Amino acid sequence: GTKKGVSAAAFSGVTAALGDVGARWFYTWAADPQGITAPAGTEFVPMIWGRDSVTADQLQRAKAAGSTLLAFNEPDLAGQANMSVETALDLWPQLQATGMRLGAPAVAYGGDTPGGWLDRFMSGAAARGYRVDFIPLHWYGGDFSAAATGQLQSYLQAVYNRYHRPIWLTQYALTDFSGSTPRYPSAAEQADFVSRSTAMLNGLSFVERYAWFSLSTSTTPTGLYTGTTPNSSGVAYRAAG
Ligand SMILES: OC[C@H]1O[C@@H](O[C@@H]2[C@@H](O)[C@H](O[C@@H]3[C@@H](O)[C@H](O[C@@H]4[C@@H](O)[C@H](O[C@@H]5[C@@H](O)[C@H](O[C@@H]6[C@@H](O)[C@H](O)O[C@H](CO)[C@H]6O)O[C@H](CO)[C@H]5O)O[C@H](CO)[C@H]4O)O[C@H](CO)[C@H]3O)O[C@H](CO)[C@H]2O)[C@H](O)[C@@H](O)[C@@H]1O
């Protein structure tokens, strides 16, 4: 339906790639499309990335560029938004005051863990009477087998069962970051996971939207397209619902 989206950046060919792959929505990790011209039928979803992203200007730009707002990117990691739950909660009224459908900050991991970043954020928000409309998640699988899709499914289910909010999957791929250098699947393994994972996600009623990381090989080695040419993963993503 309207689930299948992507993360994107303004490479030459971006408008053509977005249209080619059938992306119904996209985001850029910023408050506006960052120089991307969307094709017809493709919705831009703004993001407030971190603490210093929360300004009158970014929030006004966000509301002009879209109608759904993603909050901070991986506050739980020192290399990303690097924000305590309490700082996220104290900033939340400024995002909530936009009136837009509002995503939780996207935690890198452990969204189902009692006492973890999300769990303390959701508990604090409930106690303050704040609105959290949906939960975006991130997941990178280290097992490159046919078992990967069921592992992804179990994490999304776990988060759904804990908070009972609709789920978005805003960054996902196969990548192992457990070693000193990232480890990536073979092309065939990655295309097979694209096919199985999208079929699962399309059938899971509490998943609203999903976004493969990422549209371009200029962003990441798990990219779907190089310029306007899909690889076997882009072809599989194109063929997904
Ligand atoms: O607005 C003012 C503000 O602007 C910012 O600029 C924006 C810029 O920050 C943004 O950058 C994008 C970037 O966020 C994004 O990063 C991804 C990253 O999320 C990904 O992280 C992974 C984790 O996901 C992974 O988690 C693991 C998990 O899956 C597994 O299940 O469990 C593990 C258990 O712990 C777990 O760790 O862990 C690894 C290893 O640590 C992380 O690497 O990593 C990818 C790959 O490197 C990284 O790409 O990437 C986007 C694409 O590059 C960037 O775009 O981009 C915006 C638009 O350009 C900018 O506006 C400034 O940075 C702030 O300073 C400003 O104040």
Side-chain angles (χ1 to χ4, degrees), residues 5-11 14 17 26-36 44-63 65-66 69-83 87-88 91 94-95 98 103-113 115-119 135-144 147-159 167-185 190 193 197 210-225:
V6 72
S7 55
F11 71 95
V14 70
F26 75 111
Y27 77 111
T28 59
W29 292 274
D32 71 29
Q34 300 292 285
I36 300 174
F44 174 70
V45 176
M47 172 173 272
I48 302 312
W49 186 91
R51 185 202 62 188
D52 292 338
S53 314
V54 189
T55 66
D57 179 74
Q58 280 213 38
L59 289 163
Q60 293 182 27
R61 283 194 243 202
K63 196 173 180 179
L69 189 62
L70 294 161
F72 318 111
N73 197 68
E74 297 178 332
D76 55 324
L77 294 181
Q80 299 289 317
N82 188 27
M83 310 177 25
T87 294
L91 289 165
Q94 294 188 249
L95 282 75
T98 68
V107 297
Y109 66 98
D112 53 328
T113 299
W117 201 102
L118 186 57
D119 176 59
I135 296 175
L137 299 168
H138 291 182
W139 179 99
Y140 293 94
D143 177 345
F144 299 169
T149 291
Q151 297 155 12
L152 172 60
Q153 186 179 330
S154 300
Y155 176 61
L156 306 173
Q157 185 67 77
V159 173
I167 303 300
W168 298 28
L169 179 66
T170 58
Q171 291 174 213
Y172 86 110
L174 300 179
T175 306
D176 176 2
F177 302 97
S178 74
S180 69
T181 192
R183 172 176 93 91
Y184 300 101
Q190 189 176 265
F193 174 67
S197 67
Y210 62 83
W212 183 271
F213 182 79
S214 182
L215 180 59
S216 182
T217 64
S218 73
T219 298
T220 180
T222 63
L224 289 181
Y225 284 70

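Every number for a ligand or one of its atoms is a count from 1 in the order of the listing. Note that the numbering runs from 1 along the sequence shown for the chain.
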Quiz prompt | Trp49/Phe72 aromatic ring centres below 6.0 Å | solution = no

Quiz item: Looking at residues at least two apart in the chain, or sitting in another chain, which of them share a salt bridge (charged side-chain N to carboxylate O under 4.0 Å, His left out) with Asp52?
Solution: none

Practice problem: Could you list the residues that satisfy salt bridge (charged side-chain N to carboxylate O under 4.0 Å, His left out) with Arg51, not counting sequence neighbours? | Solution: none

Exercise. Please identify each residue that fulfils ring-ring contact (aromatic ring centres under 6.0 Å, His included) with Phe26, with sequence neighbours left out.
Key: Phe44

Filter the ligand 1-protein atom pairs down to N or O on both sides and distance under 3.5 Å, then list them.
{"unit_1": "ligand 1", "atom_1": "1 (O)", "unit_2": "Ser53", "atom_2": "OG", "d": "2.8"}
{"unit_1": "ligand 1", "atom_1": "1 (O)", "unit_2": "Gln58", "atom_2": "NE2", "d": "3.0"}
{"unit_1": "ligand 1", "atom_1": "9 (O)", "unit_2": "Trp49", "atom_2": "NE1", "d": "3.3"}
{"unit_1": "ligand 1", "atom_1": "14 (O)", "unit_2": "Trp49", "atom_2": "NE1", "d": "2.9"}
{"unit_1": "ligand 1", "atom_1": "14 (O)", "unit_2": "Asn73", "atom_2": "ND2", "d": "3.2"}
{"unit_1": "ligand 1", "atom_1": "14 (O)", "unit_2": "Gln80", "atom_2": "OE1", "d": "2.6"}
{"unit_1": "ligand 1", "atom_1": "16 (O)", "unit_2": "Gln80", "atom_2": "NE2", "d": "3.4"}
{"unit_1": "ligand 1", "atom_1": "19 (O)", "unit_2": "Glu74", "atom_2": "OE1", "d": "2.6"}
{"unit_1": "ligand 1", "atom_1": "19 (O)", "unit_2": "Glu74", "atom_2": "OE2", "d": "3.4"}
{"unit_1": "ligand 1", "atom_1": "19 (O)", "unit_2": "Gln171", "atom_2": "NE2", "d": "3.0"}
{"unit_1": "ligand 1", "atom_1": "21 (O)", "unit_2": "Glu74", "atom_2": "OE1", "d": "3.2"}
{"unit_1": "ligand 1", "atom_1": "24 (O)", "unit_2": "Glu74", "atom_2": "OE2", "d": "2.7"}
{"unit_1": "ligand 1", "atom_1": "29 (O)", "unit_2": "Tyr140", "atom_2": "N", "d": "3.1"}

Quiz item: So which heavy atom on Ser197 is nearest to which on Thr149, and how close?
Solution: N-OG1, 3.4 Å

Quiz item: Going by distance alone, is a donor N or O of one side chain under 3.5 Å from an acceptor N or O of the other, for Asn82 and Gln80?
Solution: no

